[PDB]
Amino acid sequence: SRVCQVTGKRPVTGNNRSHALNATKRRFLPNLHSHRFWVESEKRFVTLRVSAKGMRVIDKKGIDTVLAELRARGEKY
Amino acid sequence: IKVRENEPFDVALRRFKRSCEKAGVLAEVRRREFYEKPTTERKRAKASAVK
Amino acid sequence: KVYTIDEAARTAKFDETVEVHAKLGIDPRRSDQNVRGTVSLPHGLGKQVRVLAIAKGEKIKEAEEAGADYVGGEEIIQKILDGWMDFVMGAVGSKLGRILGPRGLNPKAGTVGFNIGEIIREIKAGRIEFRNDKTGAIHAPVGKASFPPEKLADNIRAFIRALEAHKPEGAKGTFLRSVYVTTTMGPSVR
Amino acid sequence: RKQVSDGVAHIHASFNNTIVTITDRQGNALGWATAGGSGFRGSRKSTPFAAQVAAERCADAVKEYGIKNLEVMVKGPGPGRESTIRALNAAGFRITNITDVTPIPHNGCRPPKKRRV
Amino acid sequence: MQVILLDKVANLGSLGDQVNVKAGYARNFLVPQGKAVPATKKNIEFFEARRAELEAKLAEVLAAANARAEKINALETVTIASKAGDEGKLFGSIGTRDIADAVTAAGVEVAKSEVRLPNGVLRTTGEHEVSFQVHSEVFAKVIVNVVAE
RNA sequence: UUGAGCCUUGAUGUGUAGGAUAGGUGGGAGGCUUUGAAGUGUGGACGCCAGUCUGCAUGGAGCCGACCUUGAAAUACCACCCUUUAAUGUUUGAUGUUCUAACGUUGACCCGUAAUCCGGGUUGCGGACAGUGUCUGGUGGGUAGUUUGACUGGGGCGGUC
RNA sequence: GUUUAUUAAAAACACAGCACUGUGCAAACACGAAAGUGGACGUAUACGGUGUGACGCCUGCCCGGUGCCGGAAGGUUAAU
Ligand SMILES: [Mg+2]
Ligand SMILES: [Mg+2]
Ligand SMILES: [Mg+2]
Ligand SMILES: [Mg+2]
Ligand SMILES: [Mg+2]
Ligand SMILES: [Mg+2]
């Protein structure tokens, strides 16, 4: 289900305010994308369903640390 | 149809065109089809060309 | 350069033939092209004129020595009126107009003065310095500038001749100073 | 731009008008001019004269690659069929060989009917 | 990102610079095929330790693979006990492991393939010369004197 | 390297009294070209085929100004350049060209596997396109929620407020 | 043949037939936030939608309006 394994971002609900301020319940899905990642420390491709924000977090912390979190909460990858 | 006409002369010299094409087969095909009426047309090219 | 390389004229004979041809905005709405009264330009330059004003039969012995060389007479209002190859300038004011001595039918010569006490007043310098520059076709400012006798000393105009930046049209960018003539050509910036 | 010298003047002479096209040997269009392109409309353009002044105009247009000697290919009946090659000779041209290229079906398409006039 | 490179890397890199690259290129191509790496600061000084070491230090050590030849012209003469036939023309002859082994075997320690006796290499007695090699640009001359004893 | 911003290196004009195809005003009573010209002769070429130009060239040693008209006078020279075009840029996207490595594969194969799922792997084909997220203009009775007045010799029509 | 089970069996619906129009297949389309599935283990002589309704003889004029289709130069025009 549309969830970013890095950040936990998942859909949230809100409103579509028309010009006349009519509210209609809506969603905001996150920019999810399944993406293969080269884990050098594993000679293997780990693909993660990640949000774009997700990737940037992986770019900064580094896939080892990031997977090392999934691992540290049994979020299996 | 074709004229080489090499060096000396700027006169056209293509009287060969009055030997076939031009109003030859070209006035012919220009228009009304014909079909069987040429028969009659050429039956004067001979009712004449007898003498 | 930051200002101008006033060393931008190193062959004619006397390269004073330079001009004040700057840039102004456009007419997107309502603006015009005008000049004040004989813009003198902070610089003696070195110009002796023959300024033509329309005084009377008294202003011929003191209304003629103040940066000029003569003044139209009283008999010569229309007794100078019989030719096109025969005939600054002037036209006194207050309540006096001069379409009866400059009107219908191709020349500009407005600034002379308007005095009710003197013909050459105790403190009245500024006339015979620099010309005018009204409307033309694609802008304004045409006239004259420094000379072959100065240095960056005729760049006294550079801070009080380019400083004549009065309200620009609207949708424009008025700002660009240039001059020169009789050797090459150019300008710096604003 | 570019240059040739050895060329070909194509002409399309047809009762209503005659069109002069001047191209190199490998027919790649170097310049053209029409009887209508110049002036005259109606009768006017369907004349040997009008075709002369187009044959002319065409020169001041292909001379722009300095052509020197050129063949001539003549298509269709109608004026300007020959009067054009005269204005070409003069124009300032070695005029190499002349050929006629008017197409002749071996009796194929039925041509139009009528001209009850 | 910034990212600091590893190998030379084409129209941008160098071998150990701090360029700046589009992340699409860094992930997906460069860093995976380890041609570069995140400029995690932690790293950029991992590289500052690597900006003092090998360079500043081991090139005044090739100023020793060089000043070996400051002792190539301060003697400038070894003799070889090689005699002479029928007129002062070597009964012997001396090459590279003769001019490197009769160079090493004193206070002049050279690597046997660091002695260029272009051939003469060699076919007569008396004084000769040779091209002694320790660095790629800095070699040095001597004088050799095959002594007919 | 295509369509736009804009800036150095250059063009250019048949309203009458006339040597004659006057852009508007401005510096202006002598610059210059032997750093090798006026136009004869063809070269690119704008084209209302009325005429203009020059890198080059055959050339080889002066032309003119207030002159007398015209609402405006010099192709004597210079420019800020408008009637509208034309030759590099700068980058920037932009239309563009490939690449492969993100990504798609509802081709083939391998293994987990006695499995038309799925996962991994290999290959083929695509490829920064497609697709999806956020934002955004358009469309949208498909759905939804509502509105759609009152007086009135019943109501409606008409009329009126 | 069908239909208002219970006041209407009909001229209404369907029908073979015809015409338009969509659809190159991971089809259009339809049920589904989605995965998945019908269409179809089909592939334009197929599949969907719309109208007309065996057959015979036939089906003219109008594209201004409203829909739809095509257009690219101008104009106007979103976030940015
Ligand atoms: Mg409704
Ligand atoms: Mg009521
Ligand atoms: Mg019933
Ligand atoms: Mg019943
Ligand atoms: Mg069908
Ligand atoms: Mg029906």
# chains A, B, ... in the order shown; residues from 1 in each chain; ligands from 1
>>> residues_near_ligand(ligand="ligand 4", cutoff="10 Å", atoms="only C-alpha atoms (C1' of nucleotides) and all ligand atoms", output="JSON, numbers by chain")
{"G": [4, 7, 8, 9]}
>>> interface_residues(of="chain E", to="chain F", cutoff="8 Å", atoms="only C-alpha atoms (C1' of nucleotides)", output="PyMOL selection string")
chain E and resi 24+28-29
>>> select_by_dssp(residues="range 40-92 of chain E", states="helix (DSSP H, G or I)", output="VMD selection string")
chain E and resid 42 to 46 53 to 57 69 to 71
>>> write_last_selection(atoms="N, CA and C atoms", output="mmCIF file, in the first residue's frame")
data_model
loop_
_atom_site.group_PDB
_atom_site.id
_atom_site.type_symbol
_atom_site.label_atom_id
_atom_site.label_comp_id
_atom_site.auth_asym_id
_atom_site.auth_seq_id
_atom_site.Cartn_x
_atom_site.Cartn_y
_atom_site.Cartn_z
ATOM 1 N N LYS E 42 32.268 14.561 6.206
ATOM 2 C CA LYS E 42 33.031 13.470 6.800
ATOM 3 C C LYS E 42 34.065 13.022 5.777
ATOM 4 N N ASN E 43 33.609 12.903 4.534
ATOM 5 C CA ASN E 43 34.458 12.494 3.432
ATOM 6 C C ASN E 43 35.410 13.599 2.978
ATOM 7 N N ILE E 44 34.900 14.812 2.790
ATOM 8 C CA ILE E 44 35.713 15.864 2.173
ATOM 9 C C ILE E 44 37.011 16.110 2.945
ATOM 10 N N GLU E 45 37.073 15.642 4.189
ATOM 11 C CA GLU E 45 38.305 15.743 4.967
ATOM 12 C C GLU E 45 39.037 14.406 5.037
ATOM 13 N N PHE E 46 38.289 13.315 4.890
ATOM 14 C CA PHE E 46 38.872 12.025 4.536
ATOM 15 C C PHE E 46 39.816 12.277 3.360
ATOM 16 N N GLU E 53 49.356 13.931 2.375
ATOM 17 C CA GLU E 53 50.194 12.738 2.340
ATOM 18 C C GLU E 53 50.963 12.522 1.033
ATOM 19 N N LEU E 54 50.537 11.529 0.252
ATOM 20 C CA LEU E 54 51.341 10.968 -0.842
ATOM 21 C C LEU E 54 52.067 12.014 -1.698
ATOM 22 N N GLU E 55 51.488 13.205 -1.815
ATOM 23 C CA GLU E 55 52.011 14.222 -2.726
ATOM 24 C C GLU E 55 53.188 14.998 -2.132
ATOM 25 N N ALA E 56 52.897 15.845 -1.148
ATOM 26 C CA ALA E 56 53.917 16.688 -0.539
ATOM 27 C C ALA E 56 55.089 15.855 -0.023
ATOM 28 N N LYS E 57 54.803 14.623 0.391
ATOM 29 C CA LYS E 57 55.798 13.796 1.063
ATOM 30 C C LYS E 57 56.663 12.975 0.103
ATOM 31 N N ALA E 69 72.057 10.817 -7.707
ATOM 32 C CA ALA E 69 72.947 11.263 -8.782
ATOM 33 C C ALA E 69 73.747 12.517 -8.408
ATOM 34 N N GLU E 70 73.546 12.999 -7.185
ATOM 35 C CA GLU E 70 74.405 14.021 -6.603
ATOM 36 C C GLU E 70 75.662 13.309 -6.124
ATOM 37 N N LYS E 71 75.604 11.981 -6.183
ATOM 38 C CA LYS E 71 76.737 11.122 -5.892
ATOM 39 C C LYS E 71 77.061 10.283 -7.134
#
>>> interface_residues(of="chain D", to="chain B", cutoff="9 Å", atoms="only C-alpha atoms", output="list in words")
residues 76, 77, 82, 85, 86, 89, 94, 95, 96, 97, 98, 99, 100, 101, 102, 103, 104, 105, 107, 110, 111, 112, 113, 114 and 115 of chain D
>>> write_last_selection(atoms="N, CA, C and O atoms", output="mmCIF file, in the first residue's frame")
data_model
loop_
_atom_site.group_PDB
_atom_site.id
_atom_site.type_symbol
_atom_site.label_atom_id
_atom_site.label_comp_id
_atom_site.auth_asym_id
_atom_site.auth_seq_id
_atom_site.Cartn_x
_atom_site.Cartn_y
_atom_site.Cartn_z
ATOM 1 N N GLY D 76 5.310 20.527 -74.336
ATOM 2 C CA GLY D 76 4.027 21.106 -74.706
ATOM 3 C C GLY D 76 4.008 21.964 -75.959
ATOM 4 O O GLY D 76 5.053 22.396 -76.439
ATOM 5 N N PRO D 77 2.805 22.205 -76.502
ATOM 6 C CA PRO D 77 2.568 23.119 -77.623
ATOM 7 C C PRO D 77 2.465 24.550 -77.119
ATOM 8 O O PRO D 77 3.019 24.869 -76.067
ATOM 9 N N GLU D 82 9.062 28.095 -78.793
ATOM 10 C CA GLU D 82 10.312 28.410 -79.483
ATOM 11 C C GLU D 82 10.775 29.838 -79.181
ATOM 12 O O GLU D 82 11.964 30.084 -78.979
ATOM 13 N N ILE D 85 13.433 30.099 -76.660
ATOM 14 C CA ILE D 85 14.815 29.699 -76.907
ATOM 15 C C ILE D 85 15.556 30.797 -77.678
ATOM 16 O O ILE D 85 16.787 30.837 -77.696
ATOM 17 N N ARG D 86 14.803 31.697 -78.304
ATOM 18 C CA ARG D 86 15.403 32.846 -78.970
ATOM 19 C C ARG D 86 15.874 33.866 -77.938
ATOM 20 O O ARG D 86 16.998 34.364 -78.009
ATOM 21 N N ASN D 89 19.045 32.336 -76.405
ATOM 22 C CA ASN D 89 20.243 32.497 -77.225
ATOM 23 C C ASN D 89 20.848 33.866 -76.959
ATOM 24 O O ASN D 89 21.989 33.982 -76.509
ATOM 25 N N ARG D 94 25.816 30.568 -74.854
ATOM 26 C CA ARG D 94 26.112 29.378 -75.612
ATOM 27 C C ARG D 94 24.930 28.469 -75.312
ATOM 28 O O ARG D 94 24.607 28.228 -74.146
ATOM 29 N N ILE D 95 24.265 27.994 -76.356
ATOM 30 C CA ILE D 95 23.092 27.146 -76.190
ATOM 31 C C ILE D 95 23.359 25.797 -76.863
ATOM 32 O O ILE D 95 23.282 25.660 -78.082
ATOM 33 N N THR D 96 23.684 24.806 -76.037
ATOM 34 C CA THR D 96 24.280 23.556 -76.504
ATOM 35 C C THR D 96 23.381 22.745 -77.443
ATOM 36 O O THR D 96 23.487 22.867 -78.666
ATOM 37 N N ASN D 97 22.508 21.919 -76.868
ATOM 38 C CA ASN D 97 21.655 21.015 -77.642
ATOM 39 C C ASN D 97 20.185 21.230 -77.314
ATOM 40 O O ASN D 97 19.837 21.540 -76.173
ATOM 41 N N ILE D 98 19.323 21.055 -78.312
ATOM 42 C CA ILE D 98 17.885 21.208 -78.110
ATOM 43 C C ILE D 98 17.168 19.870 -78.248
ATOM 44 O O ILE D 98 17.478 19.070 -79.131
ATOM 45 N N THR D 99 16.209 19.636 -77.359
ATOM 46 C CA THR D 99 15.446 18.401 -77.360
ATOM 47 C C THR D 99 13.981 18.702 -77.079
ATOM 48 O O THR D 99 13.656 19.686 -76.413
ATOM 49 N N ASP D 100 13.094 17.851 -77.585
ATOM 50 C CA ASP D 100 11.682 17.958 -77.251
ATOM 51 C C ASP D 100 11.243 16.766 -76.416
ATOM 52 O O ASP D 100 11.589 15.618 -76.704
ATOM 53 N N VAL D 101 10.463 17.060 -75.384
ATOM 54 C CA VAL D 101 10.167 16.098 -74.339
ATOM 55 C C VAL D 101 8.672 16.023 -74.041
ATOM 56 O O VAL D 101 8.261 15.402 -73.062
ATOM 57 N N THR D 102 7.861 16.649 -74.888
ATOM 58 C CA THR D 102 6.415 16.618 -74.695
ATOM 59 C C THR D 102 6.001 15.153 -74.587
ATOM 60 O O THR D 102 6.394 14.335 -75.417
ATOM 61 N N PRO D 103 5.211 14.811 -73.560
ATOM 62 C CA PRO D 103 4.889 13.401 -73.314
ATOM 63 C C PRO D 103 3.895 12.848 -74.327
ATOM 64 O O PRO D 103 3.008 13.583 -74.759
ATOM 65 N N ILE D 104 4.036 11.576 -74.691
ATOM 66 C CA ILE D 104 3.095 10.934 -75.606
ATOM 67 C C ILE D 104 2.652 9.577 -75.075
ATOM 68 O O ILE D 104 3.401 8.599 -75.144
ATOM 69 N N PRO D 105 1.422 9.506 -74.549
ATOM 70 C CA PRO D 105 0.925 8.205 -74.102
ATOM 71 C C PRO D 105 0.786 7.268 -75.290
ATOM 72 O O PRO D 105 0.475 7.728 -76.389
ATOM 73 N N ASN D 107 -1.518 5.712 -76.125
ATOM 74 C CA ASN D 107 -2.950 5.676 -75.837
ATOM 75 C C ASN D 107 -3.311 4.986 -74.517
ATOM 76 O O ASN D 107 -3.595 3.784 -74.468
ATOM 77 N N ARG D 110 -8.221 8.035 -70.970
ATOM 78 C CA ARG D 110 -9.224 8.764 -71.743
ATOM 79 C C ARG D 110 -9.088 10.243 -71.432
ATOM 80 O O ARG D 110 -9.198 10.648 -70.275
ATOM 81 N N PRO D 111 -8.836 11.066 -72.453
ATOM 82 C CA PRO D 111 -8.753 12.501 -72.175
ATOM 83 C C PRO D 111 -10.140 13.117 -72.097
ATOM 84 O O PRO D 111 -11.108 12.486 -72.530
ATOM 85 N N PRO D 112 -10.238 14.328 -71.533
ATOM 86 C CA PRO D 112 -11.507 15.035 -71.331
ATOM 87 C C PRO D 112 -12.375 15.076 -72.577
ATOM 88 O O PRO D 112 -11.893 14.869 -73.692
ATOM 89 N N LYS D 113 -13.658 15.346 -72.370
ATOM 90 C CA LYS D 113 -14.626 15.293 -73.442
ATOM 91 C C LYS D 113 -14.732 16.661 -74.072
ATOM 92 O O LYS D 113 -13.771 17.423 -74.100
ATOM 93 N N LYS D 114 -15.915 16.926 -74.608
ATOM 94 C CA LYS D 114 -16.414 18.264 -74.893
ATOM 95 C C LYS D 114 -15.423 19.360 -75.304
ATOM 96 O O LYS D 114 -14.249 19.373 -74.955
ATOM 97 N N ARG D 115 -15.947 20.254 -76.119
ATOM 98 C CA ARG D 115 -15.806 21.673 -75.875
ATOM 99 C C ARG D 115 -16.776 22.348 -76.817
ATOM 100 O O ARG D 115 -16.416 23.122 -77.699
#
>>> residues_around(residues="residue 34 in chain A", least_positions_apart="4", cutoff="12 Å", atoms="only C-alpha atoms (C1' of nucleotides)", output="list in words")
residues 2, 3, 4, 5, 6, 46, 47, 48, 49, 50, 51, 52, 54 and 55 of chain A; 102, 103 and 132 of chain F
>>> write_last_selection(atoms="N, CA and C atoms (P, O5', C5', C4', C3', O3' and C1' of nucleotides)", output="PDB file, in the first residue's frame")
ATOM      1  N   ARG A   2       0.558   2.135  -0.954  1.00  0.00           N
ATOM      2  CA  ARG A   2       1.263   3.409  -1.169  1.00  0.00           C
ATOM      3  C   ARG A   2       1.966   4.026   0.048  1.00  0.00           C
ATOM      4  N   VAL A   3       3.085   3.432   0.456  1.00  0.00           N
ATOM      5  CA  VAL A   3       3.847   3.911   1.607  1.00  0.00           C
ATOM      6  C   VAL A   3       5.339   3.928   1.295  1.00  0.00           C
ATOM      7  N   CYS A   4       6.013   5.013   1.666  1.00  0.00           N
ATOM      8  CA  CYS A   4       7.447   5.173   1.408  1.00  0.00           C
ATOM      9  C   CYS A   4       8.271   4.505   2.500  1.00  0.00           C
ATOM     10  N   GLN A   5       8.993   3.450   2.144  1.00  0.00           N
ATOM     11  CA  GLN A   5       9.696   2.661   3.148  1.00  0.00           C
ATOM     12  C   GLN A   5      10.790   3.458   3.856  1.00  0.00           C
ATOM     13  N   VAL A   6      11.068   4.668   3.399  1.00  0.00           N
ATOM     14  CA  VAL A   6      12.122   5.448   4.029  1.00  0.00           C
ATOM     15  C   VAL A   6      11.525   6.384   5.064  1.00  0.00           C
ATOM     16  N   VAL A  46      18.847  -3.865  -4.048  1.00  0.00           N
ATOM     17  CA  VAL A  46      17.663  -3.783  -3.211  1.00  0.00           C
ATOM     18  C   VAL A  46      16.723  -2.740  -3.797  1.00  0.00           C
ATOM     19  N   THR A  47      15.536  -3.165  -4.209  1.00  0.00           N
ATOM     20  CA  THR A  47      14.559  -2.201  -4.692  1.00  0.00           C
ATOM     21  C   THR A  47      13.594  -1.815  -3.570  1.00  0.00           C
ATOM     22  N   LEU A  48      13.382  -0.512  -3.423  1.00  0.00           N
ATOM     23  CA  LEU A  48      12.528   0.032  -2.379  1.00  0.00           C
ATOM     24  C   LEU A  48      11.416   0.832  -3.009  1.00  0.00           C
ATOM     25  N   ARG A  49      10.199   0.674  -2.504  1.00  0.00           N
ATOM     26  CA  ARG A  49       9.124   1.561  -2.905  1.00  0.00           C
ATOM     27  C   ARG A  49       9.348   2.809  -2.109  1.00  0.00           C
ATOM     28  N   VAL A  50       9.799   3.858  -2.785  1.00  0.00           N
ATOM     29  CA  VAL A  50      10.192   5.077  -2.100  1.00  0.00           C
ATOM     30  C   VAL A  50       9.515   6.286  -2.695  1.00  0.00           C
ATOM     31  N   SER A  51       9.320   7.291  -1.852  1.00  0.00           N
ATOM     32  CA  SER A  51       8.918   8.600  -2.314  1.00  0.00           C
ATOM     33  C   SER A  51      10.161   9.284  -2.847  1.00  0.00           C
ATOM     34  N   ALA A  52       9.981  10.297  -3.682  1.00  0.00           N
ATOM     35  CA  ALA A  52      11.113  11.086  -4.139  1.00  0.00           C
ATOM     36  C   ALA A  52      11.868  11.635  -2.925  1.00  0.00           C
ATOM     37  N   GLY A  54      11.989  10.358  -0.298  1.00  0.00           N
ATOM     38  CA  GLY A  54      12.656   9.159   0.161  1.00  0.00           C
ATOM     39  C   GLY A  54      14.059   9.075  -0.403  1.00  0.00           C
ATOM     40  N   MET A  55      14.163   9.151  -1.729  1.00  0.00           N
ATOM     41  CA  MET A  55      15.443   8.983  -2.398  1.00  0.00           C
ATOM     42  C   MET A  55      16.447   9.952  -1.819  1.00  0.00           C
TER      43      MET A  55
ATOM     44  P     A F 102      19.119   0.610 -15.311  1.00  0.00           P
ATOM     45  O5'   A F 102      18.229   1.553 -14.390  1.00  0.00           O
ATOM     46  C5'   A F 102      18.792   2.201 -13.257  1.00  0.00           C
ATOM     47  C4'   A F 102      17.966   3.390 -12.836  1.00  0.00           C
ATOM     48  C3'   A F 102      16.458   3.189 -12.889  1.00  0.00           C
ATOM     49  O3'   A F 102      15.946   2.576 -11.715  1.00  0.00           O
ATOM     50  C1'   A F 102      17.023   5.188 -14.011  1.00  0.00           C
ATOM     51  P     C F 103      15.098   1.213 -11.823  1.00  0.00           P
ATOM     52  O5'   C F 103      13.835   1.633 -12.687  1.00  0.00           O
ATOM     53  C5'   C F 103      13.033   2.733 -12.298  1.00  0.00           C
ATOM     54  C4'   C F 103      12.010   3.049 -13.351  1.00  0.00           C
ATOM     55  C3'   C F 103      11.426   1.847 -14.068  1.00  0.00           C
ATOM     56  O3'   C F 103      10.395   1.231 -13.332  1.00  0.00           O
ATOM     57  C1'   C F 103      12.091   3.445 -15.659  1.00  0.00           C
ATOM     58  P     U F 132      -0.643   7.826 -15.521  1.00  0.00           P
ATOM     59  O5'   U F 132      -0.070   7.961 -14.039  1.00  0.00           O
ATOM     60  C5'   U F 132      -0.229   6.919 -13.087  1.00  0.00           C
ATOM     61  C4'   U F 132       0.766   7.055 -11.963  1.00  0.00           C
ATOM     62  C3'   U F 132       0.677   8.340 -11.147  1.00  0.00           C
ATOM     63  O3'   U F 132      -0.318   8.290 -10.145  1.00  0.00           O
ATOM     64  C1'   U F 132       2.922   7.969 -11.770  1.00  0.00           C
TER      65        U F 132
END
